[PDB]
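As structure tokens, the structure follows; a few thoughts come after it.
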Amino acid sequence: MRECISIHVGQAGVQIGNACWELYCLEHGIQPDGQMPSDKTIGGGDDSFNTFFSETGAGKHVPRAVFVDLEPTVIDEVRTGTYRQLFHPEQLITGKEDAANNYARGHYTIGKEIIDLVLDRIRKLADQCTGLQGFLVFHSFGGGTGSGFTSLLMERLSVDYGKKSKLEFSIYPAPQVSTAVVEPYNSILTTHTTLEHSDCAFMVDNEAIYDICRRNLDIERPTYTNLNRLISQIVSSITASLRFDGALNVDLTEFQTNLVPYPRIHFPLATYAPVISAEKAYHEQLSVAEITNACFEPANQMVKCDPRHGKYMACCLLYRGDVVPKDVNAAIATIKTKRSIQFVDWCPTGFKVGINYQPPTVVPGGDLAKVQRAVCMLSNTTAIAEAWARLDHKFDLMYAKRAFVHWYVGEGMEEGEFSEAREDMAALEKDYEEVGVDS
Amino acid sequence: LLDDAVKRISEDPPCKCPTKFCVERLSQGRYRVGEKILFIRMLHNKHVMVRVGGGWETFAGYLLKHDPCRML
Amino acid sequence: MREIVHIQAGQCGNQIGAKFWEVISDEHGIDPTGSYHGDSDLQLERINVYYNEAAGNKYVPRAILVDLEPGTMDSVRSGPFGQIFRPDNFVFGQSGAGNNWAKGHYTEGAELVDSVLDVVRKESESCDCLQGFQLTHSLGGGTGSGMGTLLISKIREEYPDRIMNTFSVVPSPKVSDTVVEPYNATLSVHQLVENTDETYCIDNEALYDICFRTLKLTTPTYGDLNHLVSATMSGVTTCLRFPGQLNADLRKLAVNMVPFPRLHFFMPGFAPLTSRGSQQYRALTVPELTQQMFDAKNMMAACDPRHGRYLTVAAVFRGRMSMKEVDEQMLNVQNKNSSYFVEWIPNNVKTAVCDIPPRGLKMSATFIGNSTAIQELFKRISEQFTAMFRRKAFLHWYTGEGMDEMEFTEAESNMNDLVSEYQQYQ
Ligand SMILES: Nc1nc2c(ncn2[C@@H]2O[C@H](COP(=O)(O)OP(=O)(O)OP(=O)(O)O)[C@@H](O)[C@H]2O)c(=O)[nH]1
Ligand SMILES: Nc1nc2c(ncn2[C@@H]2O[C@H](COP(=O)(O)OP(=O)(O)OP(=O)(O)O)[C@@H](O)[C@H]2O)c(=O)[nH]1
Ligand SMILES: [Mg+2]
Ligand SMILES: [Mg+2]
Ligand SMILES: [Zn+2]
């Protein structure tokens, strides 16, 4: 019904954004040149696309994206790839050189030269909106641009707009899998900014999605196109109720205020259920009950922690497709009655439910079966605290002897900022463990 | 601006050499510390850094390896 | 955009740089005249990293070729791919440094450093934004190690924010035909610690061993040793020339691998090294590459990582590869070789994957490992230096051209400090 702006930051954000837009345009029937053939549309008009596209050009749709990177390369791949014709070029922002995995570059030394341009481009996109819902930020905590420039951009958004929601789809460093030596410095240094300047952070880690690709899709050699496709399905499901009519629809703002029990306790674990191998999809009936049951298994979580080490504060289930509301209540009752699934006792209900009539669409590539029912769970749990403790432990192991700190300090950072971001993380740990106590 | 802080940090601990160890300025950002034109940085809390070797060092920590009279 | 300028100092520098320009132009499909005859637009998309566009669809490499003696200019110019450099970057002396660091740093190199700085300037504003200099040189004599290092002093003195890379061929005890190598190496490493962002130590003994027991060549010429270091030079810089699924950059490798500013000496390795026959008896697979990169026989320095502890590692892969494979192989190596990686760094590997592989191979990898194994080579150089220096052997050659007995003592204390600082991390 309303519209929101997506900001894709750094290489992970930009690459995830490519798949997300390949999914949206294919879901709305929009071709890679931005045209959309005149369908039947009995009644007059199609407001499905307005949430993510502007109509300007008499049959031309332009997406409400900003792509930003301190590095040209991946933006030049988008300017060259199949979807190069969607974005009007002024919104594909680009720096001269990257942060190069250094937060202090992407925040202090180098980000400050590109912020004045992206702020102008989002102020220009927001004025085109009749009513703004929120901001969808795609980034990664381990990168320099992703971590530092997104942290800076979040404080700029919070100052300029204030009360507009800001969803944040962040890639988190995996427990063991890690492609950079310095990820823990960049991922503690985001944390203050994601606490203070964000409303919902859906952290997702790559070794969890590799396990989903191995266990569920039978993919032997998965690559980032498959992983980014799974994030794109999460993001499409979260905003499905804003684009299509449903039996029980949930607004983005009402969805947060349902799921966030306290202002700081705002870090939902994301999940998607009917994700199975294109052959094994013949052998499964794929009804509501078993896709609800998939959402609560540790193997289906998009972060490497298992919920049995904690308690759910809240869940929401965003069902879409051919889901009858009477089945959902039975599935929720079964989940509540089933043990080994722990909810904190001071939330009696513990669930928000959303039902949408649009079934998920499948892009060409054969990674996924065409299924008539899907659910995205996302859930707020004190089990997330273990991912951050195992990471803050890695940060301490290095910081105990200043192991790379000269690269950050020399890029205009006081060494007290490391200790501040570290004790802030620890305070968030204590906040998440104290709400682990049943009253 | 930083010229006052670069002066201050060089001689709050006084130079004890028989000829004073050089910390003159040519212009902004270019200091001939000990007959070598370093590149100098600061931003906040007056933390002052030199671009050296594989990365960066503090201006005081640099002198603590480069003027013989700072060693003892 | 994101340009690099290449500098060759001495015969070793000149000969490595020649083979380096050979392999680069082969990668980009550049006619020895300077024309383009490739079949992909990705090469044109970053041809400007190492080349300048000239009229008539002609490309000139962004290189300078320097030494105090004119014999290697004629060879490089008349040799293969010789008529591609504009005949103004060749700036040569007339006497030579005679394997003496004094001639390189004070008497002959000092009178030619202006003529090379004026060409490095002329190359520096011809680019959108260069990010670093690559110096190719030997630590054997003045030539590369004193002239080509006065050069990095002056370059750092005027371009401090940029990256300095030096592919320093370090001397080895079992290969030398110079008797003054301990003096020249010790004097060179004295300033190389201050003036460089990252230094790749190579020695010819390891490149000979790799030819003898990995490529199965019984008579390896310098044309063959130079192939390996040129393939390393291409591998370490291939990320900013071709699209990749994960990206490195020179500044990326600097912050991921230099933990403390002094600890920037690195040992390369290259993964798909195979004999022309035995290549069909082996898999083109990431597990095989990854295990080969960590083999103590495959390192391009005579020190083995076995006696030391890895501080940081970079592995830049080239080819149509899957990150899950690299990630599990990296964990495999770090877990079952855990005694060989430092404990106070949890993750020691930095990964990059590039979609365009070297010619002729499906997959390749360049390894760069910072380790406390590098300091034993420096201990051997310091032992050879102090054996000659206590007798003041050959000292008159350097003394009569500018140094005093103080400078040698300063160099030996500061190289002793470098080995003390590397062994501090066990
Ligand atoms: N899921 C996912 N992770 C990715 C992708 N590309 C990179 N990553 C991971 O994201 C993290 C940060 O990498 P980048 O996104 O390259 O970093 P950046 O934000 O561009 O920042 P700099 O390059 O350091 O300026 C690393 O852990 C990467 O492995 C991708 O397409 N999908
Ligand atoms: N890897 C490699 N090493 C070489 C090559 N040619 C020579 N060397 C090494 O480097 C030394 C040559 O000295 P250089 O400084 O390069 O050049 P030069 O012109 O001989 O210097 P001077 O004559 O002393 O002025 C030899 O003793 C070898 O140790 C080569 O092509 N490749
Ligand atoms: Mg980019
Ligand atoms: Mg010569
Ligand atoms: Zn002094």
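Protein chains in written order, with my numbering: chain L, 2 to 440; chain P, -18 to 53; chain Y, 18 to 443.
C-beta atoms are modelled at their ideal positions from N, C-alpha and C, and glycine is treated no differently.
> For residue 65(Y), does the three-state DSSP call read helix, strand or coil?
Replying inline: Residue 65(Y) falls in the helix class under three-state DSSP.
> Could one say the Cβ of residue 280(Y) lies closer than 8 Å to chain P's Cβ atoms, at least one of them?
Replying inline: Flagged as an interface residue toward chain P: residue 280(Y), by a C-beta distance shorter than 8 Å.
> If the cut is a Cβ gap below 7 Å, which residues of chain P does residue 193(L) touch?
Replying inline: Those within 7 Å of residue 193(L) in chain P number zero; the least Cβ separation is about 16 Å.
> Can you give the Cα-Cα distance for residue 102(Y) and residue 80(Y), rounded to whole angstroms?
Replying inline: Answer to the nearest angstrom: the Cα atoms are 8 Å apart.
> Which of the three DSSP states, helix, strand or coil, is assigned to residue 92(Y)?
Replying inline: Looking at residue 92(Y) - three-state DSSP - the assignment turns out to be helix.
>> Counting C-beta neighbours from all protein chains within 10 Å, is the total for residue 107(L) 16 or more, i.e. buried, or is it exposed?
In response: Classification of residue 107(L): buried, given that the 10 Å Cβ count is 16 or more.
>> Restricting to runs no shorter than 3 residues, where is the beta strand (DSSP E) found entirely within the region 201 to 238 of chain Y?
In response: Runs found: 215 to 217.
> Thinking just about the alpha-carbon of each residue, which of 63(Y), 205(Y), 151(Y) and 74(Y) is nearest to the one in residue 119(Y)?
Replying inline: Nearest option by C-alpha distance: 205(Y).
> Can you tell me whether DSSP reads residue 264(Y) as helix, strand or coil?
Replying inline: Coil at residue 264(Y), not helix or strand.
> Would you say residue -3(P) touches ligand 5, meaning its beta carbon is less than 7 Å from a heavy atom?
Replying inline: Result yes, Cβ under 7 Å from ligand 5.
> Could one say the Cβ of residue 148(Y) lies closer than 8 Å to chain L's Cβ atoms, at least one of them?
Replying inline: Yes, residue 148(Y) lies at the interface with chain L (some Cβ there is under 8 Å from its Cβ).
>> For a cutoff of 8 Å on Cβ pairs, would you count residue 272(Y) as touching chain L?
In response: Interface residue, yes.
>> Residues around ligand 4, please: the condition is that the C-beta lies closer than 5 Å to some non-hydrogen atom of it.
In response: The set, ordered by position in the chain, is 28(Y), 84(Y), 86(Y) and 89(Y).
> Going along the chain, which residues of its own chain have a beta-carbon closer than 8 Å to the beta-carbon of residue 225(L), five neighbours each way excluded?
Replying inline: Hits under 8 Å: 16.
>> Here's the rule I'm using: 16 or more other beta-carbon atoms within 10 Å means buried, otherwise exposed. How should residue 395(L) be labelled?
In response: Buried.
>> Tell me the residue span of the alpha helix (DSSP H) that contains residue 335(L).
In response: Here the alpha helix (DSSP H) through residue 335(L) covers 326 to 338.
>> Once DSSP output is grouped into helix, strand and coil, what is the label at residue 35(Y)?
In response: In this structure, DSSP gives residue 35(Y) a helical state, which the three-state scheme calls helix.
>> Using only the alpha-carbon positions, how far apart do residue 426(L) and residue 391(L) sit?
In response: Between residue 426(L) and residue 391(L), the C-alpha separation is close to 12 Å.
> Got a sec: does ligand 5 put a non-hydrogen atom nearer than 7 Å to the Cβ of residue 3(P)?
Replying inline: No, Cβ of residue 3(P) sits at least 7 Å from all heavy atoms of ligand 5.
> Since residue 146(L) and residue 412(L) are thought to touch, with beta carbons under 8 Å apart, how far apart are those beta carbons, to the nearest angstrom?
Replying inline: Going by Cβ atoms, the distance from residue 146(L) to residue 412(L) rounds to 13 Å, so no, they are not a contact pair.
>> Could you check if residue 392(Y) belongs to the surroundings of ligand 1, using beta carbon to heavy atom distance under 7 Å?
In response: Not one heavy atom of ligand 1 sits closer than 7 Å to the Cβ of residue 392(Y).
>> On the DSSP letters alone, give me the boundaries of the beta strand (DSSP E) that residue 287(Y) sits inside.
In response: Counting along the chain, the unbroken beta strand (DSSP E) around residue 287(Y) starts and ends at 282 to 287.
>> Helix, strand or coil, according to DSSP, for residue 356(Y) in the structure here?
In response: Helix.
> At which residue ranges does the region 135 to 159 of chain Y contain complete beta strand (DSSP E) runs of 3 or more residues, listed in the order of the chain?
Replying inline: Complete beta strand (DSSP E) runs here, min 3: 149 to 155.
> Taking only beta-carbon atoms, is residue 38(Y) less than 8 Å away from chain L?
Replying inline: No - not a single Cβ of chain L is within 8 Å of the one on residue 38(Y).
>> So for residue 299(L), helix, strand or coil by DSSP?
In response: Three-state DSSP puts residue 299(L) in a helix.
>> Using CA atoms only, rank isn't needed, just tell me which of 330(Y), 264(Y), 75(Y) and 187(Y) is closest to residue 394(Y).
In response: Of the listed residues, the one whose Cα sits closest to residue 394(Y) is 187(Y).
> So who's on the other strand from residue 1(L), going by DSSP bridges?
Replying inline: Only positions 2 to 440 of chain L appear in the structure, and residue 1(L) is not among them; the question remains open.
> Residues of chain L with CB under 7 Å from residue 260(Y), in chain order?
Replying inline: Result: 74 and 78.
> Hey, how far is the Cα of residue 153(Y) from the Cα of residue 219(Y)?
Replying inline: Taking the straight line from one Cα to the other gives about 11 Å.
> Secondary structure at residue 79(Y), three-state DSSP: helix, strand or coil?
Replying inline: In the structure shown, residue 79(Y) falls within a coil segment according to DSSP collapsed to helix, strand and coil.
> So with Cβ pairs under 8 Å, would you call residue 4(P) a contact of chain Y?
Replying inline: No - not a single Cβ of chain Y is within 8 Å of the one on residue 4(P).
> To which residues does DSSP link residue 271(L) through a beta bridge?
Replying inline: Answer is 379(L), bridged to residue 271(L).
> In the region 108 to 127 of chain L, which residues sit with their C-beta less than 8 Å from some C-beta in chain P, listed in chain order?
Replying inline: Result list: 109.
>> Can you tell me whether residue 344(L) is buried or exposed? The criterion is at least 16 other CB atoms within 10 Å of its CB, across all chains shown.
In response: Flag for residue 344(L) reads buried.
> Using the beta-carbon of each residue, which ones in chain L are nearer than 7 Å to residue 341(Y)?
Replying inline: Those within 7 Å of residue 341(Y) in chain L are 211, 222 and 223.
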